[PDB]
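Before any questions on binding or motion, here is one chain by itself as structure tokens, the form deposited in one PDB entry.
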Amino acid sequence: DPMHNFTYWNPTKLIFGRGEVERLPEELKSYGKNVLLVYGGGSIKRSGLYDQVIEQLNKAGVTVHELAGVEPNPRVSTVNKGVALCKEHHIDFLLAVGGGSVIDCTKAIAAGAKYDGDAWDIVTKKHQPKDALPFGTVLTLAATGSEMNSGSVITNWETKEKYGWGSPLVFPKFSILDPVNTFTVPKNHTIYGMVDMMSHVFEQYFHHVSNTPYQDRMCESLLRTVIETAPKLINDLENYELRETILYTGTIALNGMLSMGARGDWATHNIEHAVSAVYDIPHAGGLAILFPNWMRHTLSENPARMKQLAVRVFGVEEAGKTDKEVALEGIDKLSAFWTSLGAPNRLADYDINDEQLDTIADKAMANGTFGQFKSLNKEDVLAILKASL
């Protein structure tokens, strides 16, 4: 079957290399002088990046106001605070300095700053953005690829909901990616980032078989590179080369260069979002737990996709085995690989038992059946949740 008709468009300027925070003045010159600096819980102050950014913004002659304390799984209360700061200070441009939570929050602020309503209306697709403030990023954690896409995931902590939204208007104008700026990412979140970029590859790879041989190999190649790099990096967290490789693969994993011509599945991500909506756990910690059990649950729909991963990525020999046997062996080896890094493999790792599984499944089903490789209903989610206990 022909690949799906597609449109690829990604206008983000990706700036990569050591010391490239010094590109900020040149990149800021064409935009207005009122800048909102958005950042998280303080790791950029301890790494020294905060003072470097402040120095560059001073050099750029801009008036700086700040939104500090964006939380992991950024909250819409934080977004609305940022929108208010944009209104209060008549902000022209936003600079996101942090991880995916900071970038995702900044996208929601940029769109929320052109909308006279609750920013949660944008997250829930009640209002489709027609304008947005421009923004850029300095990335401090390799994981989500948000530095080079137009998507954003926001939590409503009052309603215990976590949803992804997107807009062609909230691509970053530029993103500055220096491996040195990820050196202080702790081991646990270094592991999470690698789980996340691998999971993004899986999401884009699990589609019905069609004429995507080069896309398949780009996906398999990214997985092999991360698998080769991850054990070395976790034991050598200040290694420039190892951080560089993972920073690079994190961007390609979700900038759209892998998803041309094929609809991703994204069901495991939606289930994970429901778990993090209730318990606030790290996104990719939930992915490491859930993805292998989604793969087991959906295998009968077509074992051929997982079989190809099992053979090309996970070293399974297929001689004398059915496709289902090969695929199941591969899923075990994926789960073993993540566990060998120290990633969690059961919900009990986050002190999550079965008390709220019905609530979590309901939240996953809030928009009806979902998934493109297999359509999932409440019984399916529930089965995947129970297997992940």
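Note that residue numbering begins at 1 and tracks the sequence as displayed. Here the rigid core means the biggest group of C-alpha atoms that line up within 1.5 Å when the two forms are laid on top of each other.
Here the subject shifts to the form deposited in another entry, a form of this protein not shown in this document.
K.L.:
Determine, with the core as the superposition reference, the one member of 279, 115, 183, 266 that shifts its CA by 2 Å or more between the shown form and the other one.
P.N.:
Between the two forms, the residue that moves is 266.
K.L.:
Core aligned, does the CA of residue 197 move at least 2 Å between the shown form and the other one?
P.N.:
No.
K.L.:
Tell me, please, whether between the shown form and the other one the C-alpha of residue 252 is shifted by 2 Å or more, with the rigid core used for superposition.
P.N.:
Residue 252 C-alpha, core-superposed: shift of 2 Å or more.
K.L.:
Taking the rigid core as the reference frame, is the Cα of residue 207 displaced by 2 Å or more between the shown form and the other one?
P.N.:
Yes, the C-alpha position differs by at least 2 Å between the shown form and the other one.
K.L.:
Closer or farther: the C-alpha atoms of residue 260 and residue 149 in the other entry, versus the form shown, with a change of 3 angstroms or more?
P.N.:
Relative to the displayed form, residue 260 and residue 149 draw closer in the other entry - a change of at least 3 Å between their C-alphas.
K.L.:
Are residue 76 and residue 256 closer or farther apart at their Cα atoms in the other entry than shown, with the shift being 3 Å or more?
P.N.:
Here the pair is closer than in the other entry; there, farther apart.
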